[PDB]
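Letters A, B, C and D mark the chains as written, and numbering starts fresh at 1 in each.
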Amino acid sequence: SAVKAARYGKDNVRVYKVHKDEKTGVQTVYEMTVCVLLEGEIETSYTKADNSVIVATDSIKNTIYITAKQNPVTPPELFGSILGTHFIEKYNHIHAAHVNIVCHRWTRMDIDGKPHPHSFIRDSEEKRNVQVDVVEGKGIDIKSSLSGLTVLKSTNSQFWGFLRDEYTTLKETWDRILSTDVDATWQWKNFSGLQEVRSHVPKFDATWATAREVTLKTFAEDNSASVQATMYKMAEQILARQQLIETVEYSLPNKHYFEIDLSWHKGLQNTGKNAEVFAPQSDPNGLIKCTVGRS
Amino acid sequence: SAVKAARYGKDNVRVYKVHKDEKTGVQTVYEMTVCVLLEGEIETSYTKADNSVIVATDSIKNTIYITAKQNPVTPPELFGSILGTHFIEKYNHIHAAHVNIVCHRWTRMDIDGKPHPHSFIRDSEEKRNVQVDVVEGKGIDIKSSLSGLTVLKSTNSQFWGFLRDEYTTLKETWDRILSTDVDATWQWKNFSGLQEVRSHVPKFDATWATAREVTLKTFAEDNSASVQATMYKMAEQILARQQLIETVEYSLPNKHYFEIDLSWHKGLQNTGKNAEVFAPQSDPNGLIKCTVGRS
Amino acid sequence: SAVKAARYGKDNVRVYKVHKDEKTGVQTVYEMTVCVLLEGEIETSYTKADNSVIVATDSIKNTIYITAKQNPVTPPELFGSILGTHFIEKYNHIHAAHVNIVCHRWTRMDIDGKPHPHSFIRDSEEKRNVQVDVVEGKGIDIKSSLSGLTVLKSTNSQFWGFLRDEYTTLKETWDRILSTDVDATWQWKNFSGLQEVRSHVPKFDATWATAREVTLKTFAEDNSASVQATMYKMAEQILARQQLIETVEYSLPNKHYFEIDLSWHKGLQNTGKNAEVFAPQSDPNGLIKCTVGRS
Amino acid sequence: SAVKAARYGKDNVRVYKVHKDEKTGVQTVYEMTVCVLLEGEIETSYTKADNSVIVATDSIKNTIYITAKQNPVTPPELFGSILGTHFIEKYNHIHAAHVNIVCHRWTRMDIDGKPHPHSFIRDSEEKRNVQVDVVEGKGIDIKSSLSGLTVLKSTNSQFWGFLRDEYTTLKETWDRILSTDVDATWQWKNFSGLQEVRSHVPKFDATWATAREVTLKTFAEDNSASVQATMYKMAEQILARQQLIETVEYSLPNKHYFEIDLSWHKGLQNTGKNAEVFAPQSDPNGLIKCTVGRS
């Protein structure tokens, strides 16, 4: 036997950081969950009980906090790049660092119509994420994403013209509910190192904002022929608006809302044009995926 | 042996309803999870295999959908009152109906600064709930609540002057983070029946709004001596603003954010006035409760 | 306004304890999650920012660990009684302690047919719990329970003879699946204090074992007329086997498994006597409850 | 823009199946959650609203049930192979089927020391899984796994000799707790099609059993130098015992149990040799991974 692949580190590292402006009194908070996994010349820790090659996961945890103290934690693409670069530069025998960051929402409260200087609300479990893979000799590969963005439209979704055979029972429809949890990923051009990442820093927040905006507007305005067709429109627009993105990935569940036939009860009409009360289905669910790139 | 208490019914009944304005094109959606449990002269179903006294839970489910089709589902205090009244009036031998409703957020989207007619976002897992107990001969008892409202303030929380003995290690502080998940309940005066509930319908949305507003503003503005002291201020203000409320209950976790001493590393200063990076603690957590009533 | 009720403390306190037998090498582990909430002359902490009456929740946490170090943690009824007694005796102004313990399973592994001295498996998320309410001047009130015991029987469940009216669609059946998650509680006679609890210590593990055994055997052997009827049989037997129990409570979901009619496809027969493939339903679910006491 | 990758289908399809032996009365149950995602000449569903190429996800769901009715559902490697083969053979334009199955435990109950013919218990949330990728022209690729196997050993884990630098605070130890949730995967030699899978059917249950047995015995008996070293031993033994496995993957969290220094309280000794009460840490956690193959 032989080790074919190995990575190790610390997961579920919760981190908070505050910024305090001493002139204005305005405080700003950031909260994330971080995972760092390392690769390198570490196989003898597996095969020969050689712990000398192990940068302890406890030390990886310490390093996350120290790096957050000494550097900005925003945008997460930059923080992850700084963090991963540290491990491959500090340790000769570590050749890759894989950094995953989940950013949690703390939105400033408005109190009597005014932004409060130090109070925040978690307006949803929607996340902003990054996966930053720092590989010695091969730059920095960043995937940015939004996830847990849950939406519903009550009309202007259709599904007809699909294949019909002996396994098919689904009726065609020209007016249905469409609800999903959006998981959208934009994959950046490889960066040569930390200097190139830094050179693009404003584009990370701007591209996240674009991806979110395009998602919401396309979902709301597309009279959808299918989830497939709608998600492709989203991807095409994001690629048109940021040339440093190479691909856009969507993964969308179709969270079904079923009509309820009540005509057995006093002739109640609750289907078709008369449909008002629906049964949300927890499972099963459609799951639709695509990766869109440049033609 | 003998049955001392018994209730049964259908839980986790997911319900969606849409309202469509045919003049304006504007659609409005509601989504809830409903539980209905019945009590009455049902002990022989337990003791003698007498199913004749059982209104089947499947039929209770059907009834929830039928009632949603025939009545408004908002405010949930009214829907729950209609639903519970149905069971005790329809079935001579059923003497109480216990209706729990969890309302899920579907907030209308703004697209290019304009409200969209049929697209919605789940802006958080914060819930609006009701518990409506309809008891024959004893009216309708309603508890309304908000839950899952997650907040954080980065300063203007203190905790000093607590009891100190041989079990105490906690340092006094004059500046800490305070974060919680708000669970707030307002308990209404008993209503004699459905007519009295209907007579107060506008007060249900208005009192929910007040409770939410008071919670947020008091949390943001109170330089908190303790969770105890801050939550009491919230309750007192809600009682002052709605005379048909008899009591207000809060249940608040203290979701700790711990300082991280980094001075072992290059003399880094990250405590006290220099504290910037903190470790959010998943557990344990303080848990603080009170019920406030009229003096 | 005035405080009508108040309790506070530390929740989600995870605790592990090991016992090591230095003669045999055999180690035994216990793991729990503890909550302690206190009541007493504490209202001024809410109304007047008087923290002097607050035994800090951090100190409550410390006390849990200290008490686990100095006392047995098993049976949990005894540990909870020791812990709650400490708070009301130590602090003159604290008059009640409410202790909830969730015990997690660590079952010793058998390796090559032999019990291993120090290795354990979590054989299910089934829990053993206690609620111990220690109230000054009013003894110790204990509720013991098992929860998260998930079972299924594939036949020998029936449901016919229920009420049928214009809200009913459910077909009668003489052979269905029955699956539930058992939540069973046995409520002890009040104990006058810690000495009386200690005097009954062996009965706590023995009654838990009886409750579990009766649950499983009755579920497996009762050709069930209803969940109501089956759960009553369980309760009656537990009360017959431990005179120091005053009541037994069950709360049982009916986790439905629906037949799937496949006759639209090649005349496939999958209902009634031919039913082989079923659709487990995540929601909704029946929910059946009773409390049984002594006649 | 252009579609670079696309797959779609039905997720979270819950399936139950019963086998009834009409001679003996013995019933046997199986429960799974299935996901099927298809790939093929489907890009025009994304780019041109062409639903004619879509085998509806609802039809995929129907097909799962139909296939379970007509074929054995065990071992899951075989069921998944049958299911995936169906889609690529039935639909000329579908060229890959990706089938994920999670198998849920229903272990037969022993009642008064005897196996019951039709009653079962969920003895843990441990799962047995498969990922079966059926690719036209490229056979069938199967990954089998066990997951959610949660274990703890109270001694005979060590961690010393790791790298120590200015980021390190962790003390070396020669006696610690080790607890993990085992996720173990064995990757089979490619199979040319369904006939070859069928030719090996008994090896699927036997290899799962071996993987489980080796995991448990190695965890219990290895005086562990590190998680790395222990997991490698497990993998090497599984590869030695089944030549049709090409690689074994482990992913193991290190679920920390921290000592609690109580010496501030009455000189209580609870560290080192005196350590009895520990604080289980929910987060962060080490995360250790490797893939082991044949040298």
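Just so we're on the same page, a contact is a pair of C-beta atoms (placed from the backbone, for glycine too) under 8 Å apart; a residue touches a chain by one contact, two chains touch by 3 or more.
Could you please state the distance in Å, as a whole number, between where the Cα atoms of chain B are centred and where those of chain D are centred?
Inter-chain centre distance comes to 38 Å.
Could you tell me the distance, in whole angstrom, between the mean C-alpha positions of chain A and chain B?
29
Residues of chain C touching 2+ other chains?
Only 14, 62, 66, 167, 169, 265, 282-283 qualify.
Graph of touching chains, which shape: line, ring, star, complete, other?
Contact map by chain: complete.
Which of the chains touch, listed as pairs?
A-B, A-C, A-D, B-C, B-D, C-D
If you look only at chain C, which of its residues touch chain B in the complex?
Within the complex, chain C contacts chain B at residues 1-14, 35, 37, 42, 45-47, 49-59, 61-63, 66, 91, 159-163, 165, 167-170, 225-229, 231-232, 235-236, 239-240, 247, 253-254, 283-295.
Would you tell me which residues of chain D are touching chain B in their complex?
166-167, 169, 264-266, 282-283
Would you tell me which residues of chain D are touching chain C in their complex?
My answer: residues 14-20, 27, 29, 31, 62, 65-66, 68-70, 106, 109, 111-112, 116, 118-125, 149-156, 177, 216-217, 219-221, 257, 260, 262, 265, 268, 270, 275-282.
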